[PDB]
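> Here it is: the structure, laid out below.
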Amino acid sequence: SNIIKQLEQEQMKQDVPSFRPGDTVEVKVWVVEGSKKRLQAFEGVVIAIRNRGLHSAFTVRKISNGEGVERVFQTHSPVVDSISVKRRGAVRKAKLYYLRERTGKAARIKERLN
Amino acid sequence: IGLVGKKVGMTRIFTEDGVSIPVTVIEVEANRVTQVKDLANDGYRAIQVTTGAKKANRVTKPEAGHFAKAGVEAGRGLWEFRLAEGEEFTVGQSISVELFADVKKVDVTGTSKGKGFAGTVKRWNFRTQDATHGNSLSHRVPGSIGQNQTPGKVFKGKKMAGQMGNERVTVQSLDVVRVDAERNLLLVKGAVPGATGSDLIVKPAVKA
Amino acid sequence: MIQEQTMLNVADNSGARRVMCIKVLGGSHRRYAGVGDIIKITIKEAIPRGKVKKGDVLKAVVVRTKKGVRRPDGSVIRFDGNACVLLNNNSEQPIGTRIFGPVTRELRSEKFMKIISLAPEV
Amino acid sequence: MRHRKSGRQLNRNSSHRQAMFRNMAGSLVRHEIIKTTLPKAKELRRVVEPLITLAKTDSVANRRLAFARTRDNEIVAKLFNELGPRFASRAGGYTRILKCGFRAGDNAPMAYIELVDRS
Amino acid sequence: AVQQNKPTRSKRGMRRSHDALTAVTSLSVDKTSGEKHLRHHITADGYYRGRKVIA
RNA sequence: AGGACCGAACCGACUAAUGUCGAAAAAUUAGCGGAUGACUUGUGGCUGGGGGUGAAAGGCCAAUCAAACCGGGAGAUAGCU
RNA sequence: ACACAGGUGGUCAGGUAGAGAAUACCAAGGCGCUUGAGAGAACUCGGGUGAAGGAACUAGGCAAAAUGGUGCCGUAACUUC
RNA sequence: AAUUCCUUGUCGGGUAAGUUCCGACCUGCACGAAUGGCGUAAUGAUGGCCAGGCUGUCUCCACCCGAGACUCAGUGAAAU
RNA sequence: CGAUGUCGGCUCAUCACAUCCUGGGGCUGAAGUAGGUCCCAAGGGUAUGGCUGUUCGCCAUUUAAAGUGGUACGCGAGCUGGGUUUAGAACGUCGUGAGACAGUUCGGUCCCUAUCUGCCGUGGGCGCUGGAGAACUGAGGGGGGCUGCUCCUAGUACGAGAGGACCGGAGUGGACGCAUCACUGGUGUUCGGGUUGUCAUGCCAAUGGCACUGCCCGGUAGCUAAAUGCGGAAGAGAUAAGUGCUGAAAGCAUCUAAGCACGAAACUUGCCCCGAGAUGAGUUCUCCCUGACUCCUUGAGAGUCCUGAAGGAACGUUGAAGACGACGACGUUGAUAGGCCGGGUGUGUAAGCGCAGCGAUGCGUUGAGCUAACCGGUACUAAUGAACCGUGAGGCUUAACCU
Ligand SMILES: [K+]
Ligand SMILES: [K+]
Ligand SMILES: [Mg+2]
Ligand SMILES: [Mg+2]
Ligand SMILES: [Mg+2]
Ligand SMILES: [Mg+2]
Ligand SMILES: [Mg+2]
Ligand SMILES: [Mg+2]
Ligand SMILES: [Mg+2]
Ligand SMILES: [Mg+2]
Ligand SMILES: [Mg+2]
Ligand SMILES: [Mg+2]
Ligand SMILES: [Mg+2]
Ligand SMILES: [Mg+2]
Ligand SMILES: [Mg+2]
Ligand SMILES: [Mg+2]
Ligand SMILES: [Mg+2]
Ligand SMILES: [Mg+2]
Ligand SMILES: [Mg+2]
Ligand SMILES: [Mg+2]
Ligand SMILES: [Mg+2]
Ligand SMILES: [Mg+2]
Ligand SMILES: [Mg+2]
Ligand SMILES: [Mg+2]
Ligand SMILES: [Mg+2]
Ligand SMILES: [Mg+2]
Ligand SMILES: [Mg+2]
Ligand SMILES: [Mg+2]
Ligand SMILES: [Mg+2]
Ligand SMILES: [Mg+2]
Ligand SMILES: [Mg+2]
Ligand SMILES: [Mg+2]
Ligand SMILES: [Mg+2]
Ligand SMILES: [Mg+2]
Ligand SMILES: [Mg+2]
Ligand SMILES: [Mg+2]
Ligand SMILES: [Mg+2]
Ligand SMILES: [Mg+2]
Ligand SMILES: [Mg+2]
Ligand SMILES: [Mg+2]
Ligand SMILES: [Mg+2]
Ligand SMILES: [Mg+2]
Ligand SMILES: [Mg+2]
Ligand SMILES: [Mg+2]
Ligand SMILES: [Mg+2]
Ligand SMILES: [Mg+2]
Ligand SMILES: [Mg+2]
Ligand SMILES: [Mg+2]
Ligand SMILES: [Mg+2]
Ligand SMILES: [Mg+2]
Ligand SMILES: [Mg+2]
Ligand SMILES: [Mg+2]
Ligand SMILES: [Mg+2]
Ligand SMILES: [Mg+2]
Ligand SMILES: [Mg+2]
Ligand SMILES: [Mg+2]
Ligand SMILES: [Mg+2]
Ligand SMILES: [Mg+2]
Ligand SMILES: [Mg+2]
Ligand SMILES: [Mg+2]
Ligand SMILES: [Mg+2]
Ligand SMILES: [Mg+2]
Ligand SMILES: [Mg+2]
Ligand SMILES: [Mg+2]
Ligand SMILES: [Mg+2]
Ligand SMILES: [Mg+2]
Ligand SMILES: [Mg+2]
Ligand SMILES: [Mg+2]
Ligand SMILES: [Mg+2]
Ligand SMILES: [Mg+2]
Ligand SMILES: [Mg+2]
Ligand SMILES: [Mg+2]
Ligand SMILES: [Mg+2]
Ligand SMILES: [Mg+2]
Ligand SMILES: [Mg+2]
Ligand SMILES: [Mg+2]
Ligand SMILES: [Mg+2]
Ligand SMILES: [Mg+2]
Ligand SMILES: [Mg+2]
Ligand SMILES: [Mg+2]
Ligand SMILES: [Mg+2]
Ligand SMILES: [Mg+2]
Ligand SMILES: [Mg+2]
Ligand SMILES: [Mg+2]
Ligand SMILES: [Mg+2]
Ligand SMILES: [Mg+2]
Ligand SMILES: [Mg+2]
Ligand SMILES: [Mg+2]
Ligand SMILES: [Mg+2]
Ligand SMILES: [Mg+2]
Ligand SMILES: [Mg+2]
Ligand SMILES: [Mg+2]
Ligand SMILES: [Mg+2]
Ligand SMILES: [Mg+2]
Ligand SMILES: [Mg+2]
Ligand SMILES: [Mg+2]
Ligand SMILES: [Mg+2]
Ligand SMILES: [Mg+2]
Ligand SMILES: [Mg+2]
Ligand SMILES: [Mg+2]
Ligand SMILES: [Mg+2]
Ligand SMILES: [Mg+2]
Ligand SMILES: [Mg+2]
Ligand SMILES: [Mg+2]
Ligand SMILES: [Mg+2]
Ligand SMILES: [Mg+2]
Ligand SMILES: [Mg+2]
Ligand SMILES: [Mg+2]
Ligand SMILES: [Mg+2]
Ligand SMILES: [Mg+2]
Ligand SMILES: [Mg+2]
Ligand SMILES: [Mg+2]
Ligand SMILES: [Mg+2]
Ligand SMILES: [Mg+2]
Ligand SMILES: [Mg+2]
Ligand SMILES: [Mg+2]
Ligand SMILES: [Mg+2]
Ligand SMILES: [Mg+2]
Ligand SMILES: [Mg+2]
Ligand SMILES: [Mg+2]
Ligand SMILES: [Mg+2]
Ligand SMILES: [Mg+2]
Ligand SMILES: [Mg+2]
Ligand SMILES: [Mg+2]
Ligand SMILES: [Mg+2]
Ligand SMILES: [Mg+2]
Ligand SMILES: [Mg+2]
Ligand SMILES: [Mg+2]
Ligand SMILES: [Mg+2]
Ligand SMILES: [Mg+2]
Ligand SMILES: [Mg+2]
Ligand SMILES: [Mg+2]
Ligand SMILES: [Mg+2]
Ligand SMILES: [Mg+2]
Ligand SMILES: [Mg+2]
Ligand SMILES: [Mg+2]
Ligand SMILES: [Mg+2]
Ligand SMILES: [Mg+2]
Ligand SMILES: [Mg+2]
Ligand SMILES: [Mg+2]
Ligand SMILES: [Mg+2]
Ligand SMILES: [Mg+2]
Ligand SMILES: [Mg+2]
Ligand SMILES: [Mg+2]
Ligand SMILES: [Mg+2]
Ligand SMILES: [Mg+2]
Ligand SMILES: [Mg+2]
Ligand SMILES: [Mg+2]
Ligand SMILES: [Mg+2]
Ligand SMILES: [Mg+2]
Ligand SMILES: [Mg+2]
Ligand SMILES: [Mg+2]
Ligand SMILES: [Mg+2]
Ligand SMILES: [Mg+2]
Ligand SMILES: [Mg+2]
Ligand SMILES: [Mg+2]
Ligand SMILES: [Mg+2]
Ligand SMILES: [Mg+2]
Ligand SMILES: [Mg+2]
Ligand SMILES: [Mg+2]
Ligand SMILES: [Mg+2]
Ligand SMILES: [Mg+2]
Ligand SMILES: [Mg+2]
Ligand SMILES: [Mg+2]
Ligand SMILES: [Mg+2]
Ligand SMILES: [Mg+2]
Ligand SMILES: [Mg+2]
Ligand SMILES: [Mg+2]
Ligand SMILES: [Mg+2]
Ligand SMILES: [Mg+2]
Ligand SMILES: [Mg+2]
Ligand SMILES: [Mg+2]
Ligand SMILES: [Mg+2]
Ligand SMILES: [Mg+2]
Ligand SMILES: [Mg+2]
Ligand SMILES: [Mg+2]
Ligand SMILES: [Mg+2]
Ligand SMILES: [Mg+2]
Ligand SMILES: [Mg+2]
Ligand SMILES: [Mg+2]
Ligand SMILES: [Mg+2]
Ligand SMILES: [Mg+2]
Ligand SMILES: [Mg+2]
Ligand SMILES: [Mg+2]
Ligand SMILES: [Mg+2]
Ligand SMILES: [Mg+2]
Ligand SMILES: [Mg+2]
Ligand SMILES: [Mg+2]
Ligand SMILES: [Mg+2]
Ligand SMILES: [Mg+2]
Ligand SMILES: [Mg+2]
Ligand SMILES: [Mg+2]
Ligand SMILES: [Mg+2]
Ligand SMILES: [Mg+2]
Ligand SMILES: [Mg+2]
Ligand SMILES: [Mg+2]
Ligand SMILES: [Mg+2]
Ligand SMILES: [Mg+2]
Ligand SMILES: [Mg+2]
Ligand SMILES: [Mg+2]
Ligand SMILES: [Mg+2]
Ligand SMILES: [Mg+2]
Ligand SMILES: [Mg+2]
Ligand SMILES: [Mg+2]
Ligand SMILES: [Mg+2]
Ligand SMILES: [Mg+2]
Ligand SMILES: [Mg+2]
Ligand SMILES: [Mg+2]
Ligand SMILES: [Mg+2]
Ligand SMILES: [Mg+2]
Ligand SMILES: [Mg+2]
Ligand SMILES: [Mg+2]
Ligand SMILES: [Mg+2]
Ligand SMILES: [Mg+2]
Ligand SMILES: [Mg+2]
Ligand SMILES: [Mg+2]
Ligand SMILES: [Mg+2]
Ligand SMILES: [Mg+2]
Ligand SMILES: [Mg+2]
Ligand SMILES: [Mg+2]
Ligand SMILES: [Mg+2]
Ligand SMILES: [Mg+2]
Ligand SMILES: [Mg+2]
Ligand SMILES: [Mg+2]
Ligand SMILES: [Mg+2]
Ligand SMILES: [Mg+2]
Ligand SMILES: [Mg+2]
Ligand SMILES: [Mg+2]
Ligand SMILES: [Mg+2]
Ligand SMILES: [Mg+2]
Ligand SMILES: [Mg+2]
Ligand SMILES: [Mg+2]
Ligand SMILES: [Mg+2]
Ligand SMILES: [Mg+2]
Ligand SMILES: [Mg+2]
Ligand SMILES: [Mg+2]
Ligand SMILES: [Mg+2]
Ligand SMILES: [Mg+2]
Ligand SMILES: [Mg+2]
Ligand SMILES: [Mg+2]
Ligand SMILES: [Mg+2]
Ligand SMILES: [Mg+2]
Ligand SMILES: [Mg+2]
Ligand SMILES: [Mg+2]
Ligand SMILES: [Mg+2]
Ligand SMILES: [Mg+2]
Ligand SMILES: [Mg+2]
Ligand SMILES: [Mg+2]
Ligand SMILES: [Mg+2]
Ligand SMILES: [Mg+2]
């Protein structure tokens, strides 16, 4: 409804960069160590993108120290500071959940370069 | 006292601290006081309000008369609230959402979503019997419903299958978040009864 | 979302390779453990040179789960393996000297500050 | 409990239900008027009226779509050539339901459904 | 399953109380032809609201 | 070559659910065993009731078997209901 | 006993895929199973999918899930070889 | 032990915990040599026990798809 | 005995109190912590596994606790059928033998469509005294009632010390319940796509049928938990066991005989839900009907014409309402459905062209095409002018007070 749509549109940040699934993204995140306020980096492959305006989100997969970590980010959260894109993948699917079964050489994806 | 308000879906409010609080958006139109009941006439002090609008033909003459005595436009329905001694209201007064500006917590009341006829599993959290291991025609059934000859009867208030929901229920002490007067809204933290477009009754918390 | 019979890989280098959760501590009928909760462990598979032999009953803390951890923003952090760190029953405190793989923020609560310091991430 | 849901099941499985509308739409386009059951008529609106809009833009992809649905090149020829331009000005509402009592053998509430013209 | 001892005429009647089916008592009349029919239904001749819309 | 192997027809009947005033006085469905042999099946014959037949279970002998079915002795007898 | 989800010997053996008379889709030819129409509660029946977990179920992994083809490589104890 | 009552015999293994299982002991209530004893390969819709895999078996049920159940019209039983 | 299905499990429970925890207390061989015992207290709560048919039991690990009993050793027209108790078979043993064994061993049909009572839901009928539409009061029911740690008080009192509090407050849990879909997910045979076999649309290309949705991959709206908000309370009154005060009988003593106070998760309230069929049928607020005439046993009467209101029901379009009834919206002076339009969301670059390759294929047009249940619009259809029910001023006594 208009009532809700007015409340959402005011909260949404109006400067989100466009990224597709299969893009290597470096999300920056506000972390708090009690009193401190640090910016933590989280580089990884974008696996899934949910678009619902304010309620939009996206999954990033990162094969850190041995085992893999998947992190869903709420796009219009103030905790997400910046979403810098590094590589753009030539993938032809919306959700890249098949990457969870693969590792290493099979898990790598072709670049767009169009 | 209290206000009548349509439920208008849900959203979340992101605070810059780094928290999203899931809010129910309750739109609260001008709640106009149609009648004031007092201890002289009725035997209890109370007010009867209205809200929204209705169609000139769809309102009946008994209601249209009732509304004409106050001077207000005919609102879609009539609700009543008790008065807390100190406060006292006059007829034809339009109560705004600024009443909940100073308060912190509210008891939202509403008619719950009708789940229809419900089985004992869904209604009463009865445990499903073994899905195999020989079970014959009795996976989701209630099992026993009583003892044997001694009562020789099922006791009253036995939890059985039947109507679930479409009943009045009250979520108590939900935290008020934002109280927008311009758009006539009331944002409360958490989920409150009924469906989008259902009538709620919002009123201050009783367990302060 | 760890429960009785759930098998966990081991994050630290205590000696255990795989372990099995035999109880979720801290309440009656308590279904699940996760995030940074204490559980009772039996060791189902250990290495030869390690500090703990097979078939030893001791406590542990779940440091990673497949179901994951919800931050207050609505965001979630999942993993590709349920994982834990072994502790000394009565004394508490980790047995291993180093910790492999990352561990969540929600493990930060005084008694596990030794587990966070050794960890390479978060 | 079917809150906010659409579509009538009509005591059939999907694959059948999808076929019987593919035939009944073909029958409505050909004869321009149909006697059917009041529900089937109400649910036929959702199938047929899109095939009429699809037919307003005569090209190729639309002919092929209108053939992917229906599966009869006669019906696709009656669409586009007649029913496309004949409903050019009119915006939706191409079909009309009129109740025609009850079926003899089973007391089912019958209904005529026809295109809004038949000149 | 199975009755212990047979019910009566009385009970049987009491049960049948609600089986009595209702008449229409709401017959329409077509504007032009003046023929009786069900509301929102066509006539036997083929009229609905004063206009032939059927062969 | 094989009382060999896997596997349809064909012969069977280990498990489960269904069904139990059934679709059916023994079946259906999904699996299951044998499947060139001590196999299976058509057609016709033979063995008869304390008798037959039986890789034996008191199994089978026309939906009936620790003694078939039909008629007869016969209205057996019943200190029992 | 029924217009009965049973039983009943022989013969004929098309196409594409296939080792095949398996299975899938089809040809010739044959039918849609003699109450329908709505609705889309619990509950039952036959199915599909399922987060994290993975036999913790239960008398018992009963039931489901699994595995499944061809070629080549490779294959233990024990053996009556 | 298809045999053991006392008995869940002791001891050992497997398990976090094993009245079952496997190995051993012998105090065989009440084994024992063709009403065969003991061995054992292979075989088994065979009994017991364990593991990997896999799973709605279960934690703990959710949703969906069809056939009934439900309403309407036609026909129309049954046990008691 | 013309049949009262008998162990154990599952499901669902319900009561007792001889209380396991939680709460309140007396004495102690009670310093504190932690107990021992007895008194009061039944509000709520009261493990998961291993073994075994087991109930028990012994273990493993928890827990504030892991209560004891009644209920046909509750519960098979609710499930199971492992046990015991049919027919097969074997071991030991007894018997010359047929066979036999609270000795063991393997295998071994669990039927019932609910008439009544009961119970959970949901309606019709009439009543409540003119009718009708609302809103209520609340007699009387019903849900709810659980606890853990950690911190603070405070290393305080208490103790040589080691240990280590009462009363008080705070945060965050477990279990349980209620709501909900914003997030995280599940589902999503009605949305997109990939793909195998094959048939078909004359053929190519492009599609459609069938193969468990053919097999997969994602996924809208709904529904939903594992998801996320909330709940248990404080307070008040009367109190149990207890603690007292003042105080005779009995110049004292003495909590009791007069009197006066405290005193628990129990009790009545406070919280939530239902609820006027509460026949004791209750209040308000509004709305509507202000006609002639006959007949009789001069009746709370049978009638004739004439009127038909408020409202209702029906019908239709229907819904986050629903088995059917019911309930809510809406019916042209109209957004109630469907269509349509725009947006969204999902899928992931359609077809047709045109290039590149020798072909599969790959580029370009192009984040294209196609998008259910979604959001905001739109009278395009379909929701009818009407008829139908419901009346015509509302009994009889008495009492207050009107001109
Ligand atoms: K004689
Ligand atoms: K293209
Ligand atoms: Mg008055
Ligand atoms: Mg209204
Ligand atoms: Mg509903
Ligand atoms: Mg249900
Ligand atoms: Mg229950
Ligand atoms: Mg269960
Ligand atoms: Mg059975
Ligand atoms: Mg049964
Ligand atoms: Mg059965
Ligand atoms: Mg079921
Ligand atoms: Mg009685
Ligand atoms: Mg061990
Ligand atoms: Mg709808
Ligand atoms: Mg439907
Ligand atoms: Mg049909
Ligand atoms: Mg039907
Ligand atoms: Mg059907
Ligand atoms: Mg199909
Ligand atoms: Mg559409
Ligand atoms: Mg168009
Ligand atoms: Mg009797
Ligand atoms: Mg009569
Ligand atoms: Mg009836
Ligand atoms: Mg008309
Ligand atoms: Mg031979
Ligand atoms: Mg052979
Ligand atoms: Mg072989
Ligand atoms: Mg085989
Ligand atoms: Mg044959
Ligand atoms: Mg058989
Ligand atoms: Mg047979
Ligand atoms: Mg089996
Ligand atoms: Mg089945
Ligand atoms: Mg039956
Ligand atoms: Mg049947
Ligand atoms: Mg079979
Ligand atoms: Mg098999
Ligand atoms: Mg086989
Ligand atoms: Mg064989
Ligand atoms: Mg034969
Ligand atoms: Mg013969
Ligand atoms: Mg002969
Ligand atoms: Mg004889
Ligand atoms: Mg003779
Ligand atoms: Mg003879
Ligand atoms: Mg002889
Ligand atoms: Mg023989
Ligand atoms: Mg015998
Ligand atoms: Mg016979
Ligand atoms: Mg016999
Ligand atoms: Mg004899
Ligand atoms: Mg004889
Ligand atoms: Mg004979
Ligand atoms: Mg004689
Ligand atoms: Mg006689
Ligand atoms: Mg027939
Ligand atoms: Mg036949
Ligand atoms: Mg057959
Ligand atoms: Mg092939
Ligand atoms: Mg075939
Ligand atoms: Mg038939
Ligand atoms: Mg239904
Ligand atoms: Mg169904
Ligand atoms: Mg099934
Ligand atoms: Mg099912
Ligand atoms: Mg499948
Ligand atoms: Mg499955
Ligand atoms: Mg699963
Ligand atoms: Mg999935
Ligand atoms: Mg999974
Ligand atoms: Mg596993
Ligand atoms: Mg077990
Ligand atoms: Mg168990
Ligand atoms: Mg066992
Ligand atoms: Mg067993
Ligand atoms: Mg298994
Ligand atoms: Mg099996
Ligand atoms: Mg299953
Ligand atoms: Mg699977
Ligand atoms: Mg399978
Ligand atoms: Mg698998
Ligand atoms: Mg598979
Ligand atoms: Mg496979
Ligand atoms: Mg292979
Ligand atoms: Mg080996
Ligand atoms: Mg051996
Ligand atoms: Mg023994
Ligand atoms: Mg013994
Ligand atoms: Mg031992
Ligand atoms: Mg051991
Ligand atoms: Mg085991
Ligand atoms: Mg042992
Ligand atoms: Mg056993
Ligand atoms: Mg076992
Ligand atoms: Mg042994
Ligand atoms: Mg001896
Ligand atoms: Mg001897
Ligand atoms: Mg002897
Ligand atoms: Mg012997
Ligand atoms: Mg001997
Ligand atoms: Mg002998
Ligand atoms: Mg001998
Ligand atoms: Mg022998
Ligand atoms: Mg031997
Ligand atoms: Mg041996
Ligand atoms: Mg062997
Ligand atoms: Mg054999
Ligand atoms: Mg065998
Ligand atoms: Mg076996
Ligand atoms: Mg076993
Ligand atoms: Mg296993
Ligand atoms: Mg549930
Ligand atoms: Mg269904
Ligand atoms: Mg009928
Ligand atoms: Mg009869
Ligand atoms: Mg008798
Ligand atoms: Mg009797
Ligand atoms: Mg009985
Ligand atoms: Mg029993
Ligand atoms: Mg059990
Ligand atoms: Mg139980
Ligand atoms: Mg109770
Ligand atoms: Mg009790
Ligand atoms: Mg005592
Ligand atoms: Mg005690
Ligand atoms: Mg205690
Ligand atoms: Mg306490
Ligand atoms: Mg206490
Ligand atoms: Mg206390
Ligand atoms: Mg105490
Ligand atoms: Mg003390
Ligand atoms: Mg005392
Ligand atoms: Mg007591
Ligand atoms: Mg109680
Ligand atoms: Mg009580
Ligand atoms: Mg109380
Ligand atoms: Mg209770
Ligand atoms: Mg207990
Ligand atoms: Mg227990
Ligand atoms: Mg123990
Ligand atoms: Mg007990
Ligand atoms: Mg009994
Ligand atoms: Mg007793
Ligand atoms: Mg019993
Ligand atoms: Mg007892
Ligand atoms: Mg039964
Ligand atoms: Mg029983
Ligand atoms: Mg019973
Ligand atoms: Mg039953
Ligand atoms: Mg049985
Ligand atoms: Mg059995
Ligand atoms: Mg048995
Ligand atoms: Mg037995
Ligand atoms: Mg025997
Ligand atoms: Mg015996
Ligand atoms: Mg015994
Ligand atoms: Mg045994
Ligand atoms: Mg067997
Ligand atoms: Mg059975
Ligand atoms: Mg009844
Ligand atoms: Mg009844
Ligand atoms: Mg009742
Ligand atoms: Mg009455
Ligand atoms: Mg009344
Ligand atoms: Mg009265
Ligand atoms: Mg009361
Ligand atoms: Mg009453
Ligand atoms: Mg109560
Ligand atoms: Mg507490
Ligand atoms: Mg301190
Ligand atoms: Mg301290
Ligand atoms: Mg305290
Ligand atoms: Mg309770
Ligand atoms: Mg909950
Ligand atoms: Mg929503
Ligand atoms: Mg939503
Ligand atoms: Mg979603
Ligand atoms: Mg489709
Ligand atoms: Mg598709
Ligand atoms: Mg082909
Ligand atoms: Mg062709
Ligand atoms: Mg071709
Ligand atoms: Mg082609
Ligand atoms: Mg293509
Ligand atoms: Mg195609
Ligand atoms: Mg076809
Ligand atoms: Mg076919
Ligand atoms: Mg499958
Ligand atoms: Mg499959
Ligand atoms: Mg796949
Ligand atoms: Mg999905
Ligand atoms: Mg999803
Ligand atoms: Mg409170
Ligand atoms: Mg209190
Ligand atoms: Mg007080
Ligand atoms: Mg008091
Ligand atoms: Mg007092
Ligand atoms: Mg005392
Ligand atoms: Mg004195
Ligand atoms: Mg004296
Ligand atoms: Mg004296
Ligand atoms: Mg004194
Ligand atoms: Mg004293
Ligand atoms: Mg409490
Ligand atoms: Mg009420
Ligand atoms: Mg009365
Ligand atoms: Mg009244
Ligand atoms: Mg009055
Ligand atoms: Mg009055
Ligand atoms: Mg007279
Ligand atoms: Mg009129
Ligand atoms: Mg009239
Ligand atoms: Mg009028
Ligand atoms: Mg309806
Ligand atoms: Mg409906
Ligand atoms: Mg009603
Ligand atoms: Mg009504
Ligand atoms: Mg009504
Ligand atoms: Mg209404
Ligand atoms: Mg209305
Ligand atoms: Mg209207
Ligand atoms: Mg018009
Ligand atoms: Mg408008
Ligand atoms: Mg609409
Ligand atoms: Mg629409
Ligand atoms: Mg459209
Ligand atoms: Mg556009
Ligand atoms: Mg657009
Ligand atoms: Mg669109
Ligand atoms: Mg998009
Ligand atoms: Mg392209
Ligand atoms: Mg396509
Ligand atoms: Mg070229
Ligand atoms: Mg591009
Ligand atoms: Mg471009
Ligand atoms: Mg774009
Ligand atoms: Mg575009
Ligand atoms: Mg389009
Ligand atoms: Mg579209
Ligand atoms: Mg709209
Ligand atoms: Mg216009
Ligand atoms: Mg206009
Ligand atoms: Mg027009
Ligand atoms: Mg009208
Ligand atoms: Mg009068
Ligand atoms: Mg008068
Ligand atoms: Mg008056
Ligand atoms: Mg009067």
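Lettering and numbering for the structure tokens are positional, with chains as A, B, ... in the shown order, residues counted from 1 in each chain, and ligands counted from 1 in the shown order.
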Residues contacting ligand 216 - anything with an atom at most 10 Å away, using only C-alpha atoms (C1' of nucleotides) and all ligand atoms - can you give me those as a PyMOL selection string?
(chain G and resi 39) or (chain I and resi 318-319+321-322)
> Residues of chain I near chain D: apply a cut-off of 8 Å, count only C-alpha atoms (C1' of nucleotides), and supply the list as number ranges by chain.
I: 189-190, 201, 206-208, 221-223, 320, 338-340, 351-352, 372-373, 380-382
> Kindly determine which residues of chain B lie within 12 Å of chain F, considering only C-alpha atoms (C1' of nucleotides), and give the answer as a list in words.
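The selection requested is residues 131, 132, 133, 134, 135, 136 and 137 of chain B.
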> What's around residue 2 (chain A) at 9 Å? Count only C-alpha atoms (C1' of nucleotides), leave out sequence neighbours fewer than 4 positions away in its own chain, and write the answer as a PyMOL selection string.
(chain A and resi 6-7) or (chain I and resi 375-376)
> Run DSSP on the backbone of this structure and report the residues of chain D it assigns to helix (DSSP H, G or I), as a ChimeraX atom specification.
/D:14-31,38-54,61-68,73-81,83-86
> Provide as a list in words the residues of chain E at most 8 Å from chain D, counting only C-alpha atoms.
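Here they are: residues 40, 41, 42 and 43 of chain E.
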> Select, as number ranges by chain, those residues of chain B with any atom no more than 8 Å from chain A (distances computed using only C-alpha atoms).
B: 8-11, 13-16, 18, 20, 25, 183
> Give me, as a PDB file with C-alpha atoms (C1' of nucleotides), in the first residue's frame, the set of residues whose atoms come within 10 Å of any atom of ligand 233, counting only C-alpha atoms (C1' of nucleotides) and all ligand atoms.

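Written output follows (selection.pdb):
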```pdb
ATOM      1  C1'   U I 349      19.451 -12.144 -22.485  1.00  0.00           C
ATOM      2  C1'   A I 350      12.553 -14.997 -26.059  1.00  0.00           C
ATOM      3  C1'   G I 362      28.780 -18.049 -29.976  1.00  0.00           C
ATOM      4  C1'   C I 363      27.909 -12.641 -30.395  1.00  0.00           C
ATOM      5  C1'   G I 364      24.738  -8.316 -31.573  1.00  0.00           C
ATOM      6  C1'   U I 365      19.176  -6.152 -31.199  1.00  0.00           C
ATOM      7  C1'   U I 366      18.800  -7.286 -25.186  1.00  0.00           C
ATOM      8  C1'   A I 368      15.480  -9.146 -23.385  1.00  0.00           C
TER       9        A I 368
END
```
> Please find the residues contacting ligand 54 at a distance of at most 12 Å between atoms, with only C-alpha atoms (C1' of nucleotides) and all ligand atoms counted, and report them as a list in words.
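Using only C-alpha atoms (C1' of nucleotides) and all ligand atoms, everything at most 12 Å from ligand 54 comes to residues 49, 50, 65, 66 and 67 of chain F.
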> Which of these, I:120, I:262, I:10, I:374, has the shortest distance to ligand 164 once you count only C-alpha atoms (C1' of nucleotides) and all ligand atoms?
I:120
> Once you count only C-alpha atoms, which residues of chain C turn out to be within 7 Å of chain B? Could you give them as a list in words?
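Filtering chain C at 7 Å from chain B with only C-alpha atoms gives residues 72, 73 and 74 of chain C.
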> Any chance you can output those residues with C-alpha atoms as an mmCIF file, in the first residue's frame?

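Okay, selection_33.cif is ready:
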```cif
data_model
loop_
_atom_site.group_PDB
_atom_site.id
_atom_site.type_symbol
_atom_site.label_atom_id
_atom_site.label_comp_id
_atom_site.auth_asym_id
_atom_site.auth_seq_id
_atom_site.Cartn_x
_atom_site.Cartn_y
_atom_site.Cartn_z
ATOM 1 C CA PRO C 72 20.196 -7.877 14.940
ATOM 2 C CA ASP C 73 19.942 -6.223 11.461
ATOM 3 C CA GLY C 74 18.026 -9.271 10.112
#
```
> Would you list the residues that come within 9 Å of ligand 90? Count only C-alpha atoms (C1' of nucleotides) and all ligand atoms and give the answer as a ChimeraX atom specification.
/H:4-8 /I:104
> Write out as a ChimeraX atom specification each polymer residue (protein, DNA or RNA) that has an atom no more than 9 Å from ligand 108, with only C-alpha atoms (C1' of nucleotides) and all ligand atoms counted.
/G:78 /H:40-41
> For chain D, which of B:121, B:195, B:64, B:72 is the closest residue, counting only C-alpha atoms?
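Among B:121, B:195, B:64, B:72, it is B:195 that comes nearest to chain D.
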